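What follows is a set of notes on a single structure, which appears directly below.
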Amino acid sequence: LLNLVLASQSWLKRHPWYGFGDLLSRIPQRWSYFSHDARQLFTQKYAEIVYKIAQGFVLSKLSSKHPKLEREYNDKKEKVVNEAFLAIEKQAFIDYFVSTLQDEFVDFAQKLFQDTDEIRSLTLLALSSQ
Amino acid sequence: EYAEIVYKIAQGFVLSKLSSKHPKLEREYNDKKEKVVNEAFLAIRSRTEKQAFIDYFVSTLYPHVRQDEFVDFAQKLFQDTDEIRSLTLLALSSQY
Amino acid sequence: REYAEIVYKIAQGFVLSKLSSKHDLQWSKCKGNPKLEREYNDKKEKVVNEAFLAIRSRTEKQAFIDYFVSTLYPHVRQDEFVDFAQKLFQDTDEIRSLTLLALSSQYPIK
Amino acid sequence: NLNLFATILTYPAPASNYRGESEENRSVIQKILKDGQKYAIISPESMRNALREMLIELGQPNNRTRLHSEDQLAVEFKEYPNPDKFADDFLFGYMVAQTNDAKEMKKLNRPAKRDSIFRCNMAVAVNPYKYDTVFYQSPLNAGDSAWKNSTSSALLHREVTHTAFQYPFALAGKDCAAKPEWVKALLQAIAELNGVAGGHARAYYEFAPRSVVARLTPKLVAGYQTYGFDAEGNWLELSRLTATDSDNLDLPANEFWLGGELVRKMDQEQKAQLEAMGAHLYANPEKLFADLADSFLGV
Amino acid sequence: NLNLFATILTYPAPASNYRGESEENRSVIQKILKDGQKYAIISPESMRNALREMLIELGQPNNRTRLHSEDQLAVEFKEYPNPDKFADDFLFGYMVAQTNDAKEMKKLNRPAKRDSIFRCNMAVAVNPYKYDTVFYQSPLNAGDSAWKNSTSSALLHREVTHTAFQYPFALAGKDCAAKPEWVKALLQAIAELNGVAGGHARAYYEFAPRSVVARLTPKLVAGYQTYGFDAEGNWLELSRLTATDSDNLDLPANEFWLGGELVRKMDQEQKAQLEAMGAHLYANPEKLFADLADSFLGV
Amino acid sequence: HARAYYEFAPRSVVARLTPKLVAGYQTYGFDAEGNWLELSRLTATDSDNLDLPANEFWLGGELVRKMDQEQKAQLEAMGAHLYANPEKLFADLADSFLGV
DNA sequence: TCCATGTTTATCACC
DNA sequence: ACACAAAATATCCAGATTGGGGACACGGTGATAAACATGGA
DNA sequence: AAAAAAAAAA
């Protein structure tokens, strides 16, 4: 809201409200998936494809093997979301997920080789699975 | 440029490998290769962390056909190594 | 640099030398007929089989004696052998990794 | 008071310590690397467990007697950690991270504090390569048995390395009532140090020390390069002559204690030459530790 | 009248300053961003505390100590038994309130604020690190005895790295009140710096000096790259110290002192500095510090 | 504060101008300690070796003591481009300034 | 030119 | 010491299998101070 | 459930 209020006409498109917001809420307000996707756009500075990839991996895992999961879901992601914050192996879990799975497939190479994308981008959406 | 070239060439090796290998049959040929990547990935796993030495060892044992005027392709990858393993096994996913 | 391109050139020269040893270099004999093309191609895959023999040996060809066999085999046939000879001694270890890539060029096949 | 600290290395042999648990199809050993070379895989607390284990065979009281009954690994304890009632696992009455109160600080004035007087660090190998496997398999019974393990037969490979690796340690402590006997027992027990990194029925390994060196026992901490001797060769002779040289003219020195492996093979004339203060030379580490404990303890 | 300052480093070893406040499953140490890489940091407060502890050790009158018998961090001797008549290094501590011993005016005529004679700076590493390296494990509970009752069964891991690091420090010369026996003890204690870390039962890092450059002319600091990288052993200002006295005179080489490893690597240029006046090439840092203390306070 | 102290050590202190008002190089526009004066004004001085007065505007950067010492020594200008210690530089600059 | 005074209220909206 | 000749055809692995079970921290605290401006007799 | 080719000089 403060961001919108010569180069400030459409600056809200980027809306980089990740710097000051995340540092304060580290210790006190840490006490989930409500804010999981919030940092996704900041990491890049493409989304639905990763969601399907993660869903297929878990479905395949349970197929081969063939009420409190929400609390376990919140804790599991927090263990790796916090470590993803500090990063400001990452090619290992996606390696299995892709193996579980073509113009958009060509675009993966150009959207993954960037160091910034390697450091913090690809390791967010897949966490929603397990 | 580099990413597109390496994606095409990795697809080329995957296609050559599947051609070299050889209705529910289509599923089980698809099913068998689901684990061939798993056993291959462990084999490539046992290589130097830097993988600059290994990727050369990996592809020479890997059957090939052609990769578009070998001179140009090989000479580019010396300057920027330690990046080929980022997609060396993602290509076979699209083969199915 | 000049090193890599000369390595590729000598690899191509070795391929052509193997083709000449196998049969005549006149490829117009090979082309122009489906049967002639097929037999030339079959000779190409038997050369490819020899290439697989060389490659599978190359993995166990690093240190000393297999190194002698590899230096016996290359059939470099180069114009000015002084530079090519002297340039390969200094890089004792990495030449294996580059020459296996060069021997991957022994795959014209069909 | 006097403060001593020493360094050891072990004999070369194949070894394995599976610790990563990276996946099911493989086990990794690597812990830390230097200068682009993966070297070291020693956890500096497993040796503490080994010392706790071998204080029992020598006849000392214990509290943390590990048991394996429940599914999750667990340990038991005696009535309460008491540094004075008995050995207290070598004066290791530790902290209680709970607000249950009823602590002995209310009754016995125990401050929920320790008597550590023992320091160490993780071990470091001397060989980088770790990329070999054995490729064994686990079979499936499927033989009309009363229990099945996994209902599958699998192929999996381990990871091995052939390296001899060193170990530094320091004590820099002091004795109290009934303490000297316990510290003498600890010095006796540090010589053996078997069964490190848990049990191993397939990869036998021992921590028998060779070429042990102890430094600067009388005065305060002045040592340097605790990880000095490596590369399967002696290093503390040149360090001895280059810093705190045996000559008393320009570079003053202090009394040292040397192991047996270094003097087992080394110049015969050099032993006579290295006699300015007399120094201290021995052929077997056990006698050296006995004499060093006798001298340091003052009795 | 004669200001001084130096920079010191230490031997390589695994890191020790484990802050470990990140979360339950990790132990993250402090980091700094240098040229796009991450480097380890040790705050000056740790060194101040270590110097205070060593001033305690050497039987020097004191006005502050800890108790380690409270729920949270606390210090008692700092303010309880002291009228702030004479601090450790003449710090003459302060605190602001409505009144403080009748504003410490009538009873003891001293300024409300403090002095802060000593100066120090941050300690920074020399080479970066590569993410998590080491693993860990925790026991289940007290088991049979019901005193711990953590009910955790946890399994975590921490972070370690291998690096040697250096830091500078300074000291004014015009402060010469009650100097002859107070400050020289501190300068002597600068040579030890053993227990300055955030944990020693498993790390055991020692700040033993390896090389020192501790002199310039009687003026303010020239700032000749006070954070000299030392190139993991070398020194980048050999060219900026050769011209001891010539036409250019672009460097005062008559006021300098050199540490151990910078002289151990013998060279012809070492003899060139030796014949050059004021070099004073030494081998043992502790006797160098003693000589500096003798020639700076008495002389 | 005393701890973690920072000090301003002068280094590559370089600027001069004709008996006019401030202009020319904006006194800013420098990189991250890599090579700062060069892309700022050294190219302009080379292109204006006869337009901007290099006789009175002497060289810049103590780093010239380390790389490209000679080339900057002759092919730049014949002015007093001495750079050994900033102390003597300030001393003789003050002497020249007080001279006239 | 130069003599003086004042405050008083707790807490809330998401998957 | 002269001349001549220095190999040729078939073939370069086939199956079955790629781990299972338990656990991913416990408590205590999250600044403290100094730095006035206008009116009525 | 999808394929790609010929060559040298003191």
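Protein chains in written order, with UniProt numbering: chain E, 337 to 341, 347 to 372, 378 to 391, 406 to 426, 437 to 458, 463 to 475, 481 to 509; chain A, 405 to 426, 437 to 510; chain L, 404 to 513; chain S, 3 to 301; chain B, 3 to 301; chain Y, 202 to 301. All residues carry an ideal CB built from backbone N, CA and C; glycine is no exception.
For residue 161 of chain B and residue 456 of chain E, the rounded distance between their alpha carbons
13 Å
Could you say which of A:408, A:490, A:498 lies nearest to residue 473 of chain A if we only look at CA atoms?
A:498
Local conformation of residue 170 of chain S per DSSP, three classes:
strand
What does residue 429 of chain A touch in chain E if you count any residue whose Cβ is under 9 Å from its own?
Coordinates for residue 429 of chain A are absent, as chain A skips straight from 426 to 437.
How big is the Cα-Cα spacing for residue 462 of chain A and residue 422 of chain A?
27 Å
Among the candidates B:79, B:48, B:168, B:19, whose CA atom is the shortest distance from the CA of residue 12 of chain B?
B:168
Between L:443, L:465, L:439, L:512, which has its C-alpha nearest residue 496 of chain L's C-alpha?
L:465
Tell me the rounded alpha-carbon separation between residue 211 of chain B and residue 126 of chain B.
15 Å
Cβ neighbours of residue 217 of chain B in the same chain (closer than 7 Å, five flanking residues each side left out):
6, 257, 258, 259
Any C-beta of chain E sitting closer than 8 Å to the C-beta of residue 160 of chain B?
No, its Cβ sits nowhere closer than 8 Å to a Cβ of chain E.
If you check the beta carbons only, do residue 135 of chain B and residue 33 of chain S fall under 8 Å apart?
yes
What is the rounded straight-line gap between the Cα of residue 153 of chain B and the Cα of residue 467 of chain E?
31 Å
Compare the C-beta of residue 302 of chain S with all C-beta atoms of chain A and state if any pair is closer than 8 Å.
With chain S covering 3 to 301 only, the question about residue 302 of chain S has no answer from this structure.
Range of the contiguous alpha helix (DSSP H) that encloses residue 409 of chain E
Counting along the chain, the alpha helix (DSSP H) containing residue 409 of chain E begins and ends at 408-425.
For residue 272 of chain Y and residue 278 of chain Y, I'd like the C-alpha separation in whole angstroms.
10 Å
Report the option in B:91, B:291, B:29, B:292 whose CA atom is closest to the CA atom of residue 159 of chain B.
B:29
Who are the Cβ neighbours of residue 214 of chain B in its own chain at under 6 Å, not counting the five residues just before and after it?
Excluding sequence neighbours, residue 214 of chain B sits near 8, 10, 261, 287.
At a cut of 8 Å, does the segment 86-93 of chain S reach the segment 47-63 of chain S through at least three beta carbon pairs?
By the Cβ criterion, the segment 86-93 of chain S is in contact with the segment 47-63 of chain S, since at least three pairs of Cβ atoms, one from each stretch, lie closer than 8 Å.
Close beta carbons around residue 106 of chain S, own chain, < 7 Å, minus the five adjacent residues each side
82, 112
Using the three-state DSSP reduction, which class does residue 349 of chain E fall into: helix, strand or coil?
coil
Per the DSSP calculation, residue 122 of chain B is bridged to which residue(s)?
B:171
Anything in the segment 19-44 of chain B with a Cβ closer than 8 Å to a Cβ of chain E? List those residues in chain order, please.
24, 25, 27, 28, 30
CA-to-CA distance, residue 504 of chain E to residue 449 of chain E, given in whole angstroms:
Rounded to whole angstroms, the separation of the alpha carbons of residue 504 of chain E and residue 449 of chain E is 15 Å.
For the beta strand (DSSP E) holding residue 36 of chain B, just list the boundary residues, first then last.
Note, residue 36 of chain B: beta strand (DSSP E), 33-36.
Got a sec? Which residues, its chain only, sit under 8 Å from residue 285 of chain B by beta carbon, not counting five neighbours each side?
Cβ neighbours of residue 285 of chain B within its own chain (closer than 8 Å, five residues either side excluded): 262, 265, 266.
Scan the segment 194-225 of chain B for residues whose Cβ lies nearer than 9 Å to a Cβ of chain Y and list them as they occur along the chain.
222, 223, 224, 225
Chain B within 8 Å of residue 452 of chain E, Cβ atoms only
yes
Let me see if you follow: with CB-CB separation under 8 Å, is residue 459 of chain A close to chain S or not?
yes
Alpha carbon to alpha carbon, how far is residue 382 of chain E from residue 451 of chain E?
8 Å
Contact check, residue 426 of chain L vs residue 446 of chain L, beta carbons under 8 Å:
yes
Look at residue 418 of chain A and residue 473 of chain E and say whether their C-beta atoms are less than 8 Å apart.
no
C-beta neighbour in chain B for residue 98 of chain S, strict 8 Å
Closer than 8 Å to some Cβ of chain B, the Cβ of residue 98 of chain S qualifies, so yes.
For residue 484 of chain E, which residues in chain A fall below 7 Å Cβ to Cβ?
Against chain A, a Cβ distance below 7 Å from residue 484 of chain E picks out 508.
CB contact flag (residue 234 of chain B, residue 128 of chain B, <8 Å):
yes
Taking the alpha-carbon of residue 124 of chain B as reference, which of B:66, B:180, B:48, B:54 has the nearest alpha-carbon?
The residue with the shortest Cα to Cα distance from residue 124 of chain B is B:48.
Using DSSP with H/G/I as helix, E/B as strand and the rest coil, what is residue 15 of chain S?
strand
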